[PDB]
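What follows is a single structure, written as structure tokens, with notes after it.
Just the heavy atoms: all of them, side chains too, but no hydrogens, waters or symmetry mates, feed the values below. To find a chain, count down the sequence lines: A is the first, B the second, and so on, and within it residues start at 1.
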Amino acid sequence: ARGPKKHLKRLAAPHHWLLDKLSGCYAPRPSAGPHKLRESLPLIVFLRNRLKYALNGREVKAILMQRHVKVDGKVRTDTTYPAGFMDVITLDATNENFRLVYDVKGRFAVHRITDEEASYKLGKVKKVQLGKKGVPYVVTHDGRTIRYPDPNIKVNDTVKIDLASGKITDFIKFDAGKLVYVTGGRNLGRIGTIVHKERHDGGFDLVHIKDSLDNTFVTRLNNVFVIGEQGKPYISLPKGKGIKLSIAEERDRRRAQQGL
Amino acid sequence: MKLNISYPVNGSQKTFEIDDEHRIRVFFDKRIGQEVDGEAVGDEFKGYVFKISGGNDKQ
Amino acid sequence: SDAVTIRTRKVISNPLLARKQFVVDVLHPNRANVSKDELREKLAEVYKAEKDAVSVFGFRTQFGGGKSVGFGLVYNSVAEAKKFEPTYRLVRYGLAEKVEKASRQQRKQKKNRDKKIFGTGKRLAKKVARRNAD
RNA sequence: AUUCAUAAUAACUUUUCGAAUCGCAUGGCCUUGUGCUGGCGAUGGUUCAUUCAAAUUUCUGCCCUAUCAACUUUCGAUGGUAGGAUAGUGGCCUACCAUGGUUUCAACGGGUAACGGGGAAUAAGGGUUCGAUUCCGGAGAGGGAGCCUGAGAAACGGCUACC
RNA sequence: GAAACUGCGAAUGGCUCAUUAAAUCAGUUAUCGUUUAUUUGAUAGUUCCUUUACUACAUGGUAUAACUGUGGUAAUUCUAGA
């Protein structure tokens with residue numbers, strides 16, 4: 001179509017944004033950035049539809065351009081800057097910190113965090129290569145390039161980024177028996193532990209994951225993110241701790257709150 | 001015939017109407033950049049060295 | 001007799017815009033409705049504001065009358081409310097006056113005539129003057 | 001899974017890049033200079049990676065028609081070698097060579113009051129009909145062709161020519 | 001703060017369904033077969049007109065808009081000369 005598209009029509013935006021049908025014709029199109037647009041949440045959608053701090057786009061823009069909001073320690077005055085999975089956004093006024101993670105229903109939940117853990121983030125190792133002058137580097141899922149990685153770090157490993165100076169702190173190996181998190185497909189938002197990984201040469205390694213309540217599923221290697229060990233994560237989890245309660249199970253509890 | 005003439009060491013310019021086409025032929029069959037002689041151009045143009053610089057036709 | 005009895009619901013303090021935002025529910029039995037100016041002066045004494053930092057809009061009356069639900073904003077100061085309020089709401093409250101402007105079609109036609117001129121136009125003004133003079 | 005990433009040697013090159021750019025606040029020091037050293041931006045820039053993409057691409061799946069049975073191939077049809085061109089693979093094109101390739105499991109031709117799909121109507125089940133049209137993909141900007149600029153266009157609220 | 005240079009955008013959007021029957025398209029693959037402004041993260045101490053030019057880096061020069069003025073054409077977002 002003669003060049004790249006710049007508009008995102010409503011009903012063609014990712015469903016986890018939960019934009020209402022009738023408010024207009026267009027959705028905020030994420031700009032190019034650290035995360036793929038299908039897997040990103042525009043700052044305007046987060047600040048208006050999630051937090052209700054803004055009432056419309058002009059007030060979103062007025063918030064962003066006065067540098068009250070910063071993502072990964074940088075201001076990002078762009079309305080549709082592509083914030084994405086696990087990114088930590090700091091709103092210094094009101095002294096609030098958020099981690100952008102999906103809830104168990106496949107949509108980004110508002111996840112309140114403290115400053116000490118707002119200071120860091122985790123990156124999934126997407127590539128390991130030798131750069132220029134024969135210098136190895138790793139590439140994370142958010143497009144970060146970290147030179148001089150630990151030689152034990154391999155593909156689909158996890159690293160912890162200091163997020164103030166983008167330097168490696170420690171890594172986690174992809175191995176059996178370790179808590180993982182599915183980041184795509186219909187298992188998006190689930191948290192579990194690796195049971196075993198099946199090879200399937202020629203494409204799409206699969207991994208078997210067991211939930212806390214002993215619910216087992218299998219998923220593609222591309223959509224599996226390591227967050228820590230069993231019962232001890234490196235990220236605070238939102239309400240529900242990734243369990244996927246069944247329909248009648250959610251029914252009786254929701255009546256327990258409201259309908260008694 | 002109109003003549004838009006400029007003297008550029010002092011930045012002056014003026015228009016003339018030099019009729020009697022039987023003597024305008026010093027400009028005829030001469031291109032831009034070629035030198036004409038002002039002696040036949042007029043009586044007041046004694047010793048001037050006019051270089052052709054441009055012009056506009058009818059239309 | 002009147003019993004306006006304003007109630008204020010869903011109040012969040014938003015120092016990002018340096019305001020407070022809320023839904024406002026008015027019970028006005030035996031009355032058509034309450035004016036937005038009256039809402040502003042009521043919330044002025046509710047939040048000890050200056051009555052120009054208070055802005056209200058929305059205000060749909062329910063079927064059958066007696067109750068209306070709308071939106072309210074109480075800013076921290078007058079100038080700070082001026083910086084974030086829309087021009088139409090400020091004109092609605094009188095804090096600002098609508099500017100003098102021709103219609104949108106008039107502006108567009110003027111801009112299209114501006115496109116057809118290169119430069120200031122004083123050169124061509126005098127040239128066409130000396131031409132149409134004869 | 002690479003003649004991969006890298007790295008080395010020998011040279012080559014209308015020698016690419018390697019900051020003559022801008023705002024704000026302007027501190028600290030010794031050497032009595034208007035000396036030294038100073039922040040935070042901003043713009044720019046070579047490769048790599050990422051992202052938004054694009055291009056090509058594997059397999060399988062389209063309505064009616066035989067009163068369409070053979071089609072393609074001298075004028076590229078099918079394949080090989082080499083070269084040229086391209087961002088790149090490739091008959092994409094060129095030279096030479098071979099005679100191949102499709103087809104009653106319907107090729108090729110003809111028709112469509114055919115853009116395709118998500119879908120719509122009706123429907124016990126199985127089905128039938130519709131889908132120009134709110135989303136996705138494609139194509140076009142009176143009809144053709146050509147091209148500049150640009151990362152990206154064979155663009156038309158760009159240009160050039162013909163009708 | 002008009003005008004103008006520079007930069008960026010104008011290839012998005014919107015409209016339509018004429019063409020088009022393995023074509024488009026759909027699901028599913030591939031690039032170990034390529035281009036990719038932009039964003040983001042990294043990344044450049046190596047440069048004696050590209051060597052008798054060690055004849056400025058406390059920082060090279062040239063050439064033009066707008067503008068001033070003289071003009072053409074009935075007419076175009078035409079433009080000539082200085």
Side-chain angles (χ1 to χ4, degrees), chain A residues 1-15 19 21-22 24-27 29-40 42 67 71-78 80-84 87 121 123-149 159 161-163 165-168 201-204, chain B residues 1-17 32-33 50-59, chain C residues 111-124 126-132:
Chain A
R2 283 209 274 145
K5 287 163 173 297
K6 304 181 194 215
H7 293 74
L8 181 45
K9 279 169 182 273
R10 209 168 280 234
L11 302 188
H15 187 273
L19 299 201
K21 287 164 173 54
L22 302 195
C25 302
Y26 306 102
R29 171 147 191 127
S31 44
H35 303 273
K36 302 184 138 278
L37 73 164
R38 295 310 288 188
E39 293 152 70
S40 301
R67 315 180 72 88
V71 170
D72 291 1
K74 295 204 182 45
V75 162
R76 278 83 167 91
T77 61
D78 173 31
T80 61
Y81 180 87
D87 287 350
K121 82 178 284 184
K124 162 166 169 190
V125 173
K126 286 306 268 295
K127 193 173 291 200
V128 166
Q129 186 64 255
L130 278 190
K132 202 60 68 179
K133 296 179 174 66
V135 176
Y137 64 97
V138 292
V139 183
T140 67
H141 72 303
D142 50 352
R144 281 184 196 278
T145 295
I146 314 302
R147 302 182 77 194
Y148 292 131
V159 296
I161 297 304
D162 177 75
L163 188 62
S165 66
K167 61 92 176 179
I168 175 61
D201 198 335
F204 292 165
Chain B
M1 177 67 30
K2 187 179 288 293
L3 183 70
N4 203 355
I5 189 175
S6 179
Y7 185 55
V9 69
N10 74 334
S12 53
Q13 48 189 358
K14 292 295 280 203
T15 58
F16 291 98
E17 293 83 3
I32 302 298
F50 290 157
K51 86 175 278 159
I52 309 296
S53 76
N56 287 308
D57 64 349
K58 298 162 192 93
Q59 279 86 39
Chain C
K111 182 265 299 176
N112 280 159
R113 268 183 327 252
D114 188 359
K115 291 177 70 68
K116 270 164 202 185
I117 289 292
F118 192 71
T120 64
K122 311 172 301 178
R123 192 205 296 293
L124 59 92
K126 74 184 67 77
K127 293 156 139 63
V128 67
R130 66 176 177 86
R131 274 169 57 74
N132 66 4

Mind listing the N/O atom pairs, protein and nucleotides 147-157 of chain D, below 3.5 Å?
{"from": "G152(D)", "atom 1": "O2'", "to": "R2(A)", "atom 2": "O", "distance (Å)": "3.1"}
{"from": "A153(D)", "atom 1": "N3", "to": "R2(A)", "atom 2": "NH1", "distance (Å)": "3.1"}
{"from": "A155(D)", "atom 1": "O4'", "to": "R2(A)", "atom 2": "NH1", "distance (Å)": "3.3"}
{"from": "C156(D)", "atom 1": "OP1", "to": "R2(A)", "atom 2": "NH2", "distance (Å)": "3.0"}

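- The same atom, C1', is picked in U20(E) and in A114(D); the two are 9 Å apart, to the nearest Å.
- Counting only residues at least two apart or on different chains, the side chain to side chain donor-acceptor pair (under 3.5 Å) pairs with a member in residues 5-15 of chain A are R10(A)-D20(A).
- Every residue two or more places apart in sequence or in another chain that forms a side-chain hydrogen bond (donor to acceptor under 3.5 Å, both in side chains) with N10(B) is listed here: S12(B).
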Donor-acceptor contacts under 3.5 Å from residues 52-59 of chain B side chains, at least two apart:
none

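- The side chain to side chain donor-acceptor pair (under 3.5 Å) contacts involving residues 130-141 of chain A comprise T140(A)-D142(A), where partners must be two or more places apart or lie in separate chains.
- Consecutive residues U58(D) and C59(D) stack, with base ring centres under 5.5 Å apart and planes meeting at under 30°.
- Residues forming a side chain to side chain contact (heavy atoms under 4.5 Å, CB included) with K127(A) (at least two apart in sequence, or on another chain): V139(A).
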Check nucleotides 133-136 of chain D for protein N or O atoms closer than 3.5 Å to its own N or O atoms and list the pairs.
{"from": "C135(D)", "atom 1": "OP1", "to": "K9(A)", "atom 2": "NZ", "distance (Å)": "3.1"}

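- Between the side chain of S53(B) and the base of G81(E) there is no donor-acceptor pair of N/O atoms closer than 3.5 Å.
- When each of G134(A) and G143(A) is assigned the nucleotide of RNA chain D with its nearest heavy atom, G134(A) is the one assigned upstream, toward the 5' end.
- For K122(C), no side-chain nitrogen or oxygen approaches OP1 or OP2 of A66(E) to under 4.0 Å.
- Taken together, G71(E) and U39(E) do not constitute a Watson-Crick or G-U wobble pair, since the relevant N/O distances do not both lie under 3.5 Å.
- For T15(B), there are no side-chain hydrogen bond (donor to acceptor under 3.5 Å, both in side chains) partners at least two apart in sequence or on another chain.
- For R123(C) and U68(E), a side-chain-to-base donor-acceptor distance below 3.5 Å is present, hydrogens and geometry of angles not being considered.
- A26(E) and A124(D) are spaced 34 Å apart, taking the P atom of each and rounding to whole Å.
- Considering only residues two or more places apart in sequence or on other chains, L163(A) meets the side chain to side chain contact (heavy atoms under 4.5 Å, CB included) condition with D72(A), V88(A), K121(A), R144(A).
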So which protein nitrogen or oxygen atoms get under 3.5 Å of nucleotides 75-77 of chain E's nitrogens or oxygens?
{"from": "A75(E)", "atom 1": "OP2", "to": "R131(C)", "atom 2": "NH2", "distance (Å)": "3.3"}

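- Side-chain atoms of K127(C) and base atoms of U70(E) include a donor and an acceptor less than 3.5 Å apart.
- For the pair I161(A) and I146(A), the minimum side-chain heavy-atom distance is below 4.5 Å.
- For residues 125-133 of chain A, proximity to RNA chain D is found at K127(A), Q129(A), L130(A), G131(A), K132(A), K133(A), defined as any non-hydrogen atom under 4.0 angstrom from a strand atom.
- For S31(A), the side-chain hydrogen bond (donor to acceptor under 3.5 Å, both in side chains) partners are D78(A), not counting sequence neighbours.
- Taking atom P on both nucleotides, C71(D) is separated from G125(D) by 50 Å, rounded to a whole Å.
- Taking the P atom of each, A151(D) and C162(D) are spaced 32 Å apart, rounded to whole Å.
- Map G55(B) and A1(A) each onto its nearest nucleotide of RNA chain E; the residue landing nearer the 5' end is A1(A).
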